[PDB]
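>>> Fold the following for me, if possible:
(9 chains)
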Amino acid sequence: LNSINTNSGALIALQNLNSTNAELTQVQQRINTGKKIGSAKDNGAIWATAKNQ
Amino acid sequence: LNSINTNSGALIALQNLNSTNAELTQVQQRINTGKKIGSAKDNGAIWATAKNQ
Amino acid sequence: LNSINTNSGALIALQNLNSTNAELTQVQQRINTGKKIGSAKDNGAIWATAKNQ
Amino acid sequence: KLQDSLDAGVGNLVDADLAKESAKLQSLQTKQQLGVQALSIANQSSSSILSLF
Amino acid sequence: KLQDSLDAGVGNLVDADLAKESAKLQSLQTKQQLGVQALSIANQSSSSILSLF
Amino acid sequence: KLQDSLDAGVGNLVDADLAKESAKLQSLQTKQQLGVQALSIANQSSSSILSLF
Amino acid sequence: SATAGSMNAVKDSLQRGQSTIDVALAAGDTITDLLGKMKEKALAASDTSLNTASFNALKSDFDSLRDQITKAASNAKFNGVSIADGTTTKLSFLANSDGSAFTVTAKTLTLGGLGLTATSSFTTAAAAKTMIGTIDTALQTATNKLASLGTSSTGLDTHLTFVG
Amino acid sequence: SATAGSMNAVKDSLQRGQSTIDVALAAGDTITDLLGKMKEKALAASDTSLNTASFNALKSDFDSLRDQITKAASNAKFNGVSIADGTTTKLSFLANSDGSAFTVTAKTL
Amino acid sequence: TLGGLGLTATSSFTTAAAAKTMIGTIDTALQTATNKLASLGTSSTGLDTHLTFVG
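Numbers count the residues shown, from 1 in each chain, chains lettered A, B, ... in the order given. Please find the structure below.
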């Protein structure tokens, strides 16, 4: 409280901003590929099933 | 009264300033998450219900 | 009593002024470091715990 | 349609009303500046009696 | 998130509350001036009996 | 793709997180102003005893 | 004065408890996401139009997410102590200068605390259909435990304000 | 002069009473906030569109807030004495140098 | 001394439960110390009052 060395609120705000940036990266990948499952990282089972089909 | 060792008024003023800073932290969390209930700490029952839904 | 060689009251007044100056030095250290425990001298156990953490 | 209803209901449970939060934010920032000023006023109490000596 | 929790915990252990320190600083500076004045008063004791001779 | 992975990995090794640096910068600038004020307070110690003479 | 000065230790302990619960809630975020994905796997595997290769891929994903739950729960420690890894029944933080405790009941987030085991899985569409309900129960108990930990964290913070 | 000097004890006692009531009012802040949240839980649980899991979550929150009330009320002590924890019917502080009391009726929280 | 305060040269704690008991032990030691010092201060004031009377 009233610290000058540690800004806990800034740490949490940065975590929330990073979470938003991660969601934004995911939506950009969906837009440029046209795929909600574009790689094995997105959903490995459905990705492998679609690859075989 | 007219003490130089204890400032009771400063103690109360610091308690009120800390209360304001706590409300400000809460509003900042609502702004960066977009959520009035962003975690189990905010309201555990409604948070758990929203998680399951 | 009514001595010209020994001023006991001045000795006590100097002890009290030195005590005030010591408290003032402590508050100055807290202000310039931002730390209530800035070194092992302040509180060795809590200082060591914070160092390891 | 059911999935959209469930997602909109989760939003009803947890989402912040940001238009309301903007007003709370402005008033809390004013309140914090006033609290710092009130603490400065309370800090001055000890110096009033210095004039008596 | 764990690294942020550990850093915020170190801040909880060692950081000063500077709003509280500002009040302590003002009162201690007043107390130091009063101590110098009290020492000046105690220094005067020997000169009171000069009038008897 | 391998060249892009190597370049992104170099970025993972050396790049600063500027959002975190902005918070560190603000707090360090406050800390520097407080340190200059604390040094000014420490500079005043010699003048306190001038009143005794 | 000595009693007022010992309240600093009480405040340190209550803040330590809030940090421990924070780490548990971060691990609980991970675990509830894993349980939601696992329920999605079991729900898909209960469909009988799947061929064997698709069923096996879903089972493999389910087993991997199950192992990740164990990792998440075991890492939920704050400086060697945990409220969620199952290693204790409760943590007690200082409530006042006499040393009276502020109890926080442990809420185990491991596979055993969720009603699962290290080998939970499905080998047929019928077993996957049953696993749907098993995972629904695991997710419900996980969110209830995390909600209790959040209420305990808020109670610690309210007590810390009172102690100040 | 001895009567005037004994008023210092009367002033100490009245200040002690103000401190005891201050601690009770801080605990009362906690308790009225808890009661408001508990009323919010009971109000939500009386809705019949809730499924069983939501009802149980509300009941669990309500029970936890109820236990926190007991903790808050038991901690409302100033140097071993309380006006709100229920352990006495009243506290009596000095009103004058003859020792006549200034009663404060206990208010159990 | 440590013995006059109800402590010993080896007083310590090895577990959290022993430390919890040591809380009360140290509270008793501090209370007895302040009572002894208050008695010494009253004795000093009594000496000073008697010195004024002797003068």
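>>> how about the residues of chain A near chain E?
Taking Cβ under 8 Å from any Cβ of the partner chain as the contact definition, chain A meets chain E at A:1-6, A:8, A:11-12, A:15. From N, CA and C alone the C-beta is placed, and that goes for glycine too.
>>> Quick one: classify residue A:4 as helix, strand or coil.
Three-state assignment for residue A:4 (DSSP: H, G, I helix; E, B strand; the rest coil): coil.
>>> ditto for residue G:97
Residue G:97 is classified as coil under three-state DSSP.
>>> Can you report how many residues lie near it?
18 (other Cβ atoms under 10 Å in any protein chain shown).
>>> Likewise for the one 3 residues further on?
Residue G:100: 15 surrounding residues under other Cβ under 10 Å.
>>> Excluding chain neighbours, what is closest to it?
residue G:94 (7.7 Å; Cβ to Cβ, 6 or more residues apart in numbering or on different chains).
>>> Surely residue A:48 and residue A:40 touch.
Yes - in this structure, residue A:48 is within contact of residue A:40 by Cβ atoms under 8 Å, at 7.1 Å.
>>> And these two? Which one has more around it.
For residue A:48 and residue A:40, the more surrounded residue by other Cβ under 10 Å is residue A:48, and the numbers stand at 18 against 12.
>>> The most centrally placed residue in chain D and chain G, how far apart?
By Cα atoms, centre = their mean, the mean C-alpha position of chain D lies nearest to residue D:28, the distance being 3.0 Å. For residue D:28, the distance to chain G equals 18 Å [Cβ to the nearest Cβ, to the nearest Å].
>>> re earlier: so what's the backbone phi/psi at the residue nearest to residue G:100?
Backbone torsions of residue G:94, given as degrees, to the nearest 10, read phi -60, psi 140.
>>> possible to save the residues of chain A next to chain E as JSON lines with distance to chain G and neighbour count?
Shown next, in JSON lines, are those (distance: Cβ to the nearest Cβ, whole Å; neighbours: other Cβ atoms under 10 Å in any protein chain shown):
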{"residue": "A:1", "distance to chain G": "9", "neighbour count": "17"}
{"residue": "A:2", "distance to chain G": "13", "neighbour count": "17"}
{"residue": "A:3", "distance to chain G": "13", "neighbour count": "20"}
{"residue": "A:4", "distance to chain G": "18", "neighbour count": "21"}
{"residue": "A:5", "distance to chain G": "15", "neighbour count": "17"}
{"residue": "A:6", "distance to chain G": "12", "neighbour count": "18"}
{"residue": "A:8", "distance to chain G": "10", "neighbour count": "17"}
{"residue": "A:11", "distance to chain G": "11", "neighbour count": "18"}
{"residue": "A:12", "distance to chain G": "10", "neighbour count": "19"}
{"residue": "A:15", "distance to chain G": "10", "neighbour count": "14"}
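>>> which among those residues gets closest to residue C:35?
Nearest to residue C:35, judged by Cβ to Cβ, of the residues of chain A next to chain E is residue A:5 at 6.8 Å.
>>> which ones are touching that closest one?
If you count contacts by Cβ atoms under 8 Å, 6 or more residues apart in numbering or on different chains, residue A:5 has them with C:34-35, E:11, E:14-15, F:27, F:31.
>>> how does it look with 6 Å?
With contact set as Cβ atoms under 6 Å, 6 or more residues apart in numbering or on different chains, residue A:5 has these partners: C:34, E:15.
>>> helices and strands around the lengthiest helix in chain D, which ones?
When every helix of chain D is counted residue by residue (DSSP state H), the longest turns out to be helix D:18-43. If you count contacts as 3 or more Cβ pairs under 6 Å, 6 or more residues apart in numbering or on different chains; DSSP states H and E, helix D:18-43 packs onto helix B:8-33, helix E:18-43.
>>> Could you check how many residues crowd around whichever residue of chain D sits closest to chain B?
In chain D, the residue found nearest to chain B is residue D:35; the distance is 3.8 Å by Cβ to the nearest Cβ. Neighbour count of residue D:35, defined by other Cβ under 10 Å: 20.
>>> in terms of contact, does it touch residue B:18 like I think?
No - look at residue D:35 against residue B:18 with Cβ atoms under 6 Å: they stay out of range, at 8.7 Å.
>>> Please confirm that residue G:91 is located within a helix.
No - per three-state DSSP, residue G:91 lies outside any helix segment and is strand.
>>> got a list of what it touches?
Residue G:91 touches G:83, G:104, counting by Cβ under 6 Å, 6+ apart.
>>> gap between it and chain E?
Applying Cβ to the nearest Cβ to residue G:91 and chain E gives a distance of 15 Å.
>>> do you know how far that residue is from residue I:24?
The gap separating residue G:91 from residue I:24 is 22 Å, by Cβ to Cβ, to the nearest Å.
>>> now residue G:84
Taken as Cβ to Cβ, the span from residue G:84 to residue I:24 is 32 Å.
>>> for residue G:93, same thing?
As judged by Cβ to Cβ, residue G:93 and residue I:24 stand 19 Å apart.
>>> next one: residue G:42
Noted for residue G:42: a distance of 55 Å to residue I:24, by Cβ to Cβ.
>>> quick one: what helix or strand has whatever residue of chain D ends up closest to chain H in it?
Of all residues in chain D, residue D:13 sits closest to chain H, at 10.2 Å by Cβ to the nearest Cβ. According to DSSP states H and E, residue D:13 maps onto helix D:2-14.
>>> got a list of contacts for that helix?
Here helix D:2-14 makes contact (Cβ under 6 Å, 6+ apart) with B:35, B:37, B:46, B:50, B:53.
>>> How many neighbouring residues does the fourth one have?
The reference is to residue B:50. 20.
>>> The first one now?
Residue B:35: 19 surrounding residues under other Cβ under 10 Å.
>>> From chain I, how far out is it?
Applying Cβ to the nearest Cβ, the value for residue B:35 to chain I is 38 Å.
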